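Enquirer: Could you have a look at this structure, given as structure tokens, before my questions?
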Amino acid sequence: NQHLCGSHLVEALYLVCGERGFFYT
Amino acid sequence: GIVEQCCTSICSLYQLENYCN
Amino acid sequence: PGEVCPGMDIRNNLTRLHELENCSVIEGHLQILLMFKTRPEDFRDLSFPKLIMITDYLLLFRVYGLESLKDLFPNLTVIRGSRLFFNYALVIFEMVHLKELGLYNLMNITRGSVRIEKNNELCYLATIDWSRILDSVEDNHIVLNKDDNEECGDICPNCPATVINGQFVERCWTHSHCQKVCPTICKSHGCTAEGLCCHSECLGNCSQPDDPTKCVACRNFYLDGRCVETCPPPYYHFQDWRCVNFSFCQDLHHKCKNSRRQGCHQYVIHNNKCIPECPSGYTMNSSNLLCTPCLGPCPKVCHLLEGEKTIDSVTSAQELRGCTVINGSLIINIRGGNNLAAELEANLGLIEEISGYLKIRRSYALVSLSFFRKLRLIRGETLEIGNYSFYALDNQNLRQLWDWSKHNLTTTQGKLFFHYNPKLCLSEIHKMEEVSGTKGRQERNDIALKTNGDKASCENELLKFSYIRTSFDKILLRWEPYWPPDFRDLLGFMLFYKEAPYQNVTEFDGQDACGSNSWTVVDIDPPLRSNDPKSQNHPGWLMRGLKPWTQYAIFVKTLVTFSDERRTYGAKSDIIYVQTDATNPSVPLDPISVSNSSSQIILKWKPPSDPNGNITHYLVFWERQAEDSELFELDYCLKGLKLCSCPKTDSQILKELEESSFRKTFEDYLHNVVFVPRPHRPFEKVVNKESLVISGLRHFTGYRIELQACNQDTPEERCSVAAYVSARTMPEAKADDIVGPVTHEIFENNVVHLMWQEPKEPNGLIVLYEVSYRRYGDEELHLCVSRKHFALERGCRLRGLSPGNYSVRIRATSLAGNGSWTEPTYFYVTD
Amino acid sequence: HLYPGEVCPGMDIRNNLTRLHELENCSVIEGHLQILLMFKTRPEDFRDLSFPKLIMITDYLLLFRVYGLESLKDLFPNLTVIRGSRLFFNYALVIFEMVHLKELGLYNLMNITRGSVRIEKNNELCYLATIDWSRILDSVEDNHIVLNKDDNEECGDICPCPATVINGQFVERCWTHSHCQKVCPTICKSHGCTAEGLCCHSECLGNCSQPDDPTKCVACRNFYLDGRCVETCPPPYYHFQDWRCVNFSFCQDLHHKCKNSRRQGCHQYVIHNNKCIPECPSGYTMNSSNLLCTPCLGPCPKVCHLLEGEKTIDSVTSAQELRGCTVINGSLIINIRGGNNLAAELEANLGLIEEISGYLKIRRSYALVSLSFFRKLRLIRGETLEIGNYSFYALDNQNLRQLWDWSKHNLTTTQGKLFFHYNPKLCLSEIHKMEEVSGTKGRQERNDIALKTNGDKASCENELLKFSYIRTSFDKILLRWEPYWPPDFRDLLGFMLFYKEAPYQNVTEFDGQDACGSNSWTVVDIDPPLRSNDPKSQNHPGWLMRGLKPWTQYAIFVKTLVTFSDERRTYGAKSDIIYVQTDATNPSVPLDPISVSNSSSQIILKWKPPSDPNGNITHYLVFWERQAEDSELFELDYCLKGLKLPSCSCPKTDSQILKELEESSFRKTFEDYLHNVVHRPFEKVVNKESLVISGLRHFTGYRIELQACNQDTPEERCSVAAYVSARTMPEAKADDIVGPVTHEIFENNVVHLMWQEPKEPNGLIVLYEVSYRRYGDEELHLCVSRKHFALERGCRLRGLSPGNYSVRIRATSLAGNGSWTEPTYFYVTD
DNA sequence: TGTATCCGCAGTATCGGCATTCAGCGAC
């Protein structure tokens, strides 16, 4: 379906950049 | 934000590689 | 022999009881009840010796001071029972000061059963053989009398005795009149005093036998003073007990016509029957009172005033009883009522062709329009202004317009109008406009789009079940997983089921009221999303508390929260029908067993409470219970004879689906904030019956009978726990006489040996001997010879005997009765 | 001693564990501490990282999805106060999606000053129900502790804090497995408390070192100044961040430090009223050198220039960014989803704005009761509008009831059209009063304000009806009220009449919600009467209620039903509720009467009060009567055949209704026929349930009947009777005979015997049993009954052997047997 | 000096009727 919502997106956008890590100001 | 452009519309891998480093 | 009075109802005074002074056969029900201020001395000079026959029933409830009923109705013979009081043809209830029944002449309660309950002094109830009176003895309810303890002295006058359930006791109504029993060669016709049989056409009794013109209660029909099998032309049967000519049935008509039609039955003539009202598919003529066939359900026809008939409440709907077409229109507007789904359907659930406009404005208590059971055409020759032909605004509870799987409805002219209906959704209107023919022959409807179909959902998808595995008591069932595009919107599944033995049940049926339900609802939590369409995840439920072999109707619907656009998702599956399996039944209830000969038992029982399937047959075993051997050791001439709740209200549902969106908004705020982008015994098998005539038996030997009810036979049959009952056979009379002359032996010291031989086939046991020596001209002294004395001595040693000739009578008392005395045993010495 | 470290700015730690290296030298943290999103960690790393010397966290603490943290004890073993000056969606402590967390561990936390706590979606959390948050927070009802592993009792919950009774149970309170939640006595409420039971100085919190000293505690309360902490810090110093006091060199350093406008972080800190505030409010302006702000030259507001063209308000952390603003330069959309009640922290934050410039869309708010938090709103200009030229837009508010108080308020909308849909508790008078008061009067299109969907669950009328004649009977009740007509008499659809039963007069007024479940008003409808074209006529309508049970209190009221339209009239009228009770009838039958015999004189009897008393039962009434024995037991020979010896909804099939139909049919045959119809030793038994009767004849039978009875001395009216047959227990020495029996000798060897019949038996002597005995044989006996005893005058013996025979004589009654006599010898010699 | 709103019950209850009862204007 790829309407990723809820905990689905926080588990599924770790997997796209699991080596670098998240970004903030 | 991210839930507004990824739970009311579809998202590409380029659009959600924008959120980390 | 007398007049034919009608049915009365006497209460609170005895003066109305004088109106039975002259009548003989009552063409009605007799009912004496509720007399408080009555003295018991006001019943000695009160007697009705002419009452012969009652045709409806007899009820006798709480008459203070009535001692016995044998001085009040001394000549009842036939209670017909063409009409009954709760399937009870004789009710005697809460009657105090009543000692015995004493109706010593009634011979045949034709159709029904007796109920005698809650009396405080009613003796003489265990000495009445109801199976010689009640032709259906199985279902009389006789409890809580004086005889709840074995206490009352029901002594008896020489009067014949028969077995009922083993207890071989005597039969009598009172202590002065016993039950008139007849041999079974005169089954219901009634025999005279000598025992020779009567004519084969009258019932109960007859004054002189073999003549049908002198009988006192006729069973088939009574014509011109005589019994008649079936009445000749041109007579008509009337109330199925007598026969009248044309002028009586006819005359009766104007009788009612002239009486406000208030308490009379307009009698019509049909198939030589004076019928109260002739049934459907038939019309009454007005010339000669016959009832003529009409093709199909024939029109009323039903005109009305000024074209408009505002149906305010159900009483306004009482003018349309059985109309077929309407030469006008209809405007229904109902707000409240009780049992409204039944009353409106019974009133106007037969209307077919409306020749105007239908209009359902402001009906608040209408949940569905399904009570128009036979509506087929709305012609529309008079339209509502604006050219409308189905006008519908402001129906607060309308949900279901019709059942569009099994219906058809043509509006030949006019348009539609559907405004301000909250619960009625767009799918029913869009289905009606293409099943009636108004989107064709194109005619512009005026249907608002935003104010139809709120607080509900009808743009749904559909679920599909996948695994229905049934058992004898439980059913587990699983369906496809469902996920809305934002997967936290789904709150849970709701599963409705209801027992339905037919296949016409739909969703919104049975409530017809405020928020009620006839279904049974359970809730299912949503499953776990394993982020994969191919997983073992799809939910299901296990219904437990069911009944075997029935048809259940089952469907399931989701419970999603409202999106912030007024867009409700969800899916309700189709109504499915499932059937549980079979199970071995319960025991056959209350078996009874009366005998009628020396080697026969008949049985009567009931079919079981829960059959749990089509019962194919029964099974019955009988075994012998020989003799109670501990009865062998009693001297009988000393004293006598030894023998979970879950309601879901509006406030709870709204609180639940508000909290289940508050949590979603908090984690949506969290995901917005934290993510920043970058720039053995024999047997018998009886089928489809409730009786059995056993044969080939020993006389007066108690049998034990086991009963089985067995539903499936061919694939390795199974059935129930056996029901146990006992039975006895009526003994033969001849088999107790002493065979041969009784031998005397004279010893010198004035003790004599009187020996005899026991009869070669007794009935049960021979318990005592009565020997009687007497000098002719002198008194008699009785001697009881015990079983033990005869067993030790092989005779009797009679002490205290002066010399001389003596007449000696010998008898042997068994468990049945007396046999006969022997010859006078003369041992003589010449003086 | 108080704070031995360094005041620390707000931090944010993610994606590693090295960034915690700057948390070893911070005792207070101005700002917030978020530790979140560490996916690849192991529990071996957290055991040797400990921050033992932080005390005060001023804003909040968010731990969202940190893997490898099992206990929170060794991380923060010393934080006492979470102040909560800038919250996070009303919550000052958010523990979210901690997967590896076992215990809460925060054993030294005392005071959460402002805010609540939300602990949600943990899979392995326990020791959660033994914390007593009511001694930690100051407001408990806004918490959210839901969806943990403590939904089911499976995680221990054993611990060795005097087991408070703040709920209806007796539960111990404990943070961890080896620590308990520190509770001390309440002679000082929350003023700091030392462990051994002595209260320390009042201006401190939590732990203390020595009592009655405000110089050596650990967490002050009001402010803090250089070792001590006083209530009002002296004016060589100024207030700062509402917890410190600093001199003006520091505020000047901050101002001249971040006046270099290269970043968007700080504020231009000014001094005002001894407060180093970020910006002093409207009506003030800052001189450059002095750093204070003086009153403004005339009136000047603080324009709150809104980002992105609109602002949505969800909670406290979004309503705190409009703090002190006066005019808003953009639209404001109020949306408070879910919630319990939030009208207390909105009024102190956004209850000072005066001119919004866009619209005020109020949608989906569930916990809103009134808009009274908009305290000083006056002008809605509407330069930017909504889709369709709207300025006030209320849509789907489940609990809105009152917009303002129009007796003491003013509001002007310049342009645009107002909109009102789905407000199902809001009366129609409020929006029409708003159209009257405000500037918009005729700028509507039909239909914009939905006249049908508002106020349908709130009965809202202004006129009232009065009842003129209330007649009362025992079954039916009569009503007749005063006529009512709207100014257009063709606009009336009829009355509605609600009635219910309630024995207690504390019935609340009707709330609009038509009750339907179990406790509900029954509603009937009345058609409107016929127009009589005259003032004084038959215009009084009426009604007659028929199915009512006698002697109970009924609460009734009436209401009208009219059709709304464009004219602001025909609201309707509604009477106040009244209470009428019906009359009393004859009562029911006394239920379940049992008679129990114990001795030869006592008989006890009990029953139950009837099912339908129909009034307060005054007294019962018991009559009894001596039945005599059967005369047919007097003239029979009784050693023939026969001897006497007296003494969830569970929905099933409703096809069983016919037996109860029989019983209720005879009960209604009582009632429908008793609408028309109204020496013996007795006693007026009053206020009892059992009865003893002593001192009567033995073994005889009595018929007894009992009635219940209501009010007595004027016109005695009791029910129908109930009948019981009773029999007492027998006596021992009644049928036994004493005295010498006498034998008489006849010449024809028929021997006569004389005895006495017993003078009183237990009921009736029925047989005499004489037996004679010799030595060697058994006893041979003989029947004799009353007729043979009378006609033989004793008993005669026929034809026995000569010698000496012993005689033994019994008597048996219908109750049983008696004993023998002395064996007397009768002898003949030959 | 009488006359005069039923709404859904009454029950062996079919088609059109009447219970329930405090009241003073309108002709007769």
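Following the order of the structure tokens, chains are lettered A, B, ..., residues in each are numbered from 1, and ligands are numbered from 1.
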Would you kindly report the residues of chain A within 9 Å of chain D, using only C-alpha atoms, as JSON, numbers by chain?

Expert: {"A": [14, 18, 20, 21, 22, 23]}

Enquirer: Residues within 10 Å of residue 1 (chain A), please, as a ChimeraX atom specification. Count only C-alpha atoms (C1' of nucleotides); anything in the same chain fewer than 4 positions from it doesn't count.

Expert: /B:10 /C:483-486,533

Enquirer: Write out as a PyMOL selection string which residues come within 6 Å of residue 5 (chain A) when counting only C-alpha atoms (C1' of nucleotides), dropping same-chain ones fewer than 2 positions away.

Expert: (chain A and resi 8-9) or (chain B and resi 7)

Enquirer: Generate a file of the selected residues that holds N, CA and C atoms, formatted as a CSV table (one decimal), in the first residue's frame.

Expert:
chain,number,residue,atom,x,y,z
A,8,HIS,N,5.0,2.1,11.5
A,8,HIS,CA,5.5,1.6,10.3
A,8,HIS,C,6.6,2.5,9.6
A,9,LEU,N,6.4,3.8,9.7
A,9,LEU,CA,7.4,4.7,9.1
A,9,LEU,C,8.6,4.9,9.9
B,7,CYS,N,1.5,10.6,4.9
B,7,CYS,CA,0.3,9.9,5.3
B,7,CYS,C,-1.0,10.4,4.6

Enquirer: Mind the document's chain letters and residue numbers, and return as JSON, numbers by chain the residues of chain A that DSSP labels alpha helix (DSSP H).

Expert: {"A": [7, 8, 9, 10, 11, 12]}

Enquirer: Just the residues within 9 Å of residue 322 (chain D), please, counting only C-alpha atoms (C1' of nucleotides), with nothing from its chain fewer than 4 positions along; format it as a VMD selection string.

Expert: chain D and resid 304 318 326 328 349 to 350 353

Enquirer: Please return, as a PyMOL selection string, all residues of chain B lying within 7 Å of chain A when only C-alpha atoms are considered.

Expert: chain B and resi 6-7+10+17+19-21

Enquirer: Write the residues of the preceding selection, restricted to C-alpha atoms, as a PDB file, in the first residue's frame.

Expert:
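As written to disk, part_12.pdb reads:
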ATOM      1  CA  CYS B   6       3.733  10.706   3.944  1.00  0.00           C
ATOM      2  CA  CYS B   7       0.253   9.879   5.286  1.00  0.00           C
ATOM      3  CA  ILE B  10       2.521   8.645  -1.515  1.00  0.00           C
ATOM      4  CA  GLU B  17      16.010   9.898   2.020  1.00  0.00           C
ATOM      5  CA  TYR B  19      15.317  13.170   6.447  1.00  0.00           C
ATOM      6  CA  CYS B  20      18.662  11.690   7.561  1.00  0.00           C
ATOM      7  CA  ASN B  21      22.171  13.162   7.061  1.00  0.00           C
TER       8      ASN B  21
END

Enquirer: Quick one: distance from CA of residue 218 (chain D) to CA of residue 24 (chain D) in Å, one decimal?

Expert: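 Distance between the two atoms: 18.0 Å.
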
Enquirer: Pull out every residue of chain C sitting within 8 Å of chain E, counting only C-alpha atoms (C1' of nucleotides), and send them as a list in words.

Expert: residues 260, 261, 263, 264, 265, 277 and 315 of chain C

Enquirer: Neighbours of residue 252 (chain C) within 12 Å (only C-alpha atoms (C1' of nucleotides); same-chain residues fewer than 2 positions away dropped), as a ChimeraX atom specification?

Expert: /C:238,244-250,254-259,264-269,274-276,289

Enquirer: Counting only C-alpha atoms (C1' of nucleotides), what is within 9 Å of residue 633 (chain C), bar same-chain residues fewer than 2 positions away, as a list in words?

Expert: residues 629, 630, 631, 635, 787 and 788 of chain C

Enquirer: Once you have the residues from the selection above, write them out as a PDB file, in the first residue's frame, restricted to C-alpha atoms.

Expert:
ATOM      1  CA  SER C 629     -38.988 -62.239  47.527  1.00  0.00           C
ATOM      2  CA  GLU C 630     -38.866 -60.315  50.831  1.00  0.00           C
ATOM      3  CA  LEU C 631     -42.677 -60.294  50.583  1.00  0.00           C
ATOM      4  CA  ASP C 635     -48.239 -62.977  58.027  1.00  0.00           C
ATOM      5  CA  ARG C 787     -48.425 -69.400  54.051  1.00  0.00           C
ATOM      6  CA  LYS C 788     -45.816 -70.647  56.544  1.00  0.00           C
TER       7      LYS C 788
END

Enquirer: Distance limit 8 Å, atoms considered: only C-alpha atoms (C1' of nucleotides). Which chain D residues sit that close to chain E? Return them as a VMD selection string.

Expert: chain D and resid 469 471 526
